[PDB]
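In the block that follows, a single chain appears as structure tokens, in the form deposited in one PDB entry.
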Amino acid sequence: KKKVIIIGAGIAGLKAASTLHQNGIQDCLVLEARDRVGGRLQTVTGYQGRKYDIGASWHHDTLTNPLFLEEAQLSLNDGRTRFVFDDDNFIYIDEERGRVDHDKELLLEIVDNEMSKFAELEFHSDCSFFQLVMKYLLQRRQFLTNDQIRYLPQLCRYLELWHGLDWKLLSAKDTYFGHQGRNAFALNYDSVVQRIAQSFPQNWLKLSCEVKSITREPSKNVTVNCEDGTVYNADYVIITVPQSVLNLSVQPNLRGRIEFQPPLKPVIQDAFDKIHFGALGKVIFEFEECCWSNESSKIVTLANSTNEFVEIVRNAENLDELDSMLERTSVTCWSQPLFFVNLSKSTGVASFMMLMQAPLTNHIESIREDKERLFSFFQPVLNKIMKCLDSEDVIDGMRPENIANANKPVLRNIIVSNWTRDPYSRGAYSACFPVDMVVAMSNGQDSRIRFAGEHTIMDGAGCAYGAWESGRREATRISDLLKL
């Protein structure tokens, strides 16, 4: 009854629809499991109507990012502000010393560069970003001070926030990856979603439709059917659900899962072994008003470091001696690095958007509803930030004020992501464990069972534009064929 059925209203799915329609193509559908489009792009509303992208929030590689360029043109055309360039000089904070960024004697960023060049060279078998950092420290200790060896490895972990994976879980071979230029903070990714979503017939979209199985009818027909009984049949099928969800079509009923008939060709099934997903998480701390210095919009808190980490480095005879000397509990805000976006400086909002990673993410998302517990967990670093930003310890104003505020940051609310605990996202996005999936998805189960999504592309992989393009790809293809 339909031409092509798009599964998923994320930006990939939306783009595909947007394209088809842009090609006159008619009679198509977008089946979304949730009661909203946007997929991993969701803007939520907090205190006083402040808006926040709980999922994606940046246009990466603005130099080449084609989705960003389109937004840029729209803005050049109507003057509407769609994004702001928020890259800033990062501020790094260690519980003990405090600020360790742009340091006269620590010069951490410079060694971090060397560390980077080292990794480029090292490759050009693959270990963990952690192991790699350790190899470097060992291999260059002769040229590193005691303080550099202490904090450098901590500071360099900000990369855990780019992947949303701790350094012992992260692939070093994929850890470093130069970005094609500055980043632009989307002042409404929801505008992008809304703009694309309303660029095709609104009657194509069918929300709360969890597709349970895709059956191939050799007779040049495809049987799609949401688990609510309703069955559809279209010429072509573009599957845009997350890799983590798709990755369920190979296990022995779980929600979101799509039963493929016939099974997914092996090449694809193998890929799920050579590619994993990450768990980047977000916590929004909403303050009554800014009462801290807006020196920068990017702040990173370093996990605790031990002056006895040095002695071990200063001793190991090799990666085996060091490897063992290392294996020689409790999880707090200081157990890992935490990336804080000070929205006050870059968007004029008295809030902090903090990014977290696996394994911490999953745990904090677990207690998303426990505000007193959440505040208690982040209070230390929150206060450590305010001090460094010439302010006072945070007051808890989440419940009906204090009067003793005025000069003290008054927390009014906290918003936590829920991607790990959401059955339709089961994670943040494609991430590397210490590749081929791109091809497996690009080719497609067949001439009519295509794949799209941030995990189905090489350029922009794991990104909004990467997904946006993959949606136009598989689309523009099915656009010409049908056109016939």
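One rule holds for the numbers: they count along the sequence shown, beginning at 1. Rigid core (definition): largest C-alpha set, two forms, superposition within 1.5 Å.
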| When the other PDB entries of this protein are compared, is residue 171 left blank in at least a third of them? | no
| Other PDB entries, at least a third, lacking residue 95 | no
| task | Mind giving me a quick count class for deposited residues absent from the model between residue 252 and residue 253? Options are none, 1 to 3, 4 to 9, 10 or more. | result | 1 to 3
| Interresidue gap class [residue 328, residue 329; deposited sequence, unmodelled] | 4 to 9
| said: Regarding 339-347 and 139-147, which shows the higher C-alpha temperature factor on average in the entry? | reply: 139-147
| said: If you take the mean CA temperature factor per stretch, which one wins between 7-15 and 20-28? | reply: 20-28
| said: For the CA B factor values reported in this entry, which option in 440, 415, 67, 41 has the top one? | reply: 440
| query | Of the options 395, 72, 264, 300, which has the highest CA B factor as deposited? | reply | 264
| Mind checking which third residue 464 falls in for C-alpha B-factor across the chain? | lowest
| query | Ranked by Cα temperature factor within the chain, is residue 456 in the lowest third, the middle third or the highest third? | reply | middle
| message | Per the entry's values, where does residue 427 land by CA temperature factor relative to the rest of its chain, in the lowest, middle or highest third? | response | middle
| Can you tell me which third, lowest, middle or highest, the CA B-factor of residue 177 falls into for its chain? | highest
| remark: Entry-reported C-alpha B-factor of residue 258 relative to its chain, by third, is highest
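Here the subject shifts to the form deposited in another entry, a form of this protein not shown in this document.
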| task | State which of the options 179, 274, 373, 314 undergoes a Cα shift of 2 Å or more between this form and the one not shown, taking the core as fixed. | result | 274
| said: When the rigid core is used for the superposition, does residue 429 move between this form and the one not shown (threshold: C-alpha shift of 2 Å or more)? | reply: yes
| field | Cα separation of residue 428 and residue 65 in the other form versus here, shift of 3 Å or more | value | farther
| Closer or farther in the other form, the Cα atoms of residue 272 and residue 428, when the shift from this form is 3 Å or more | closer
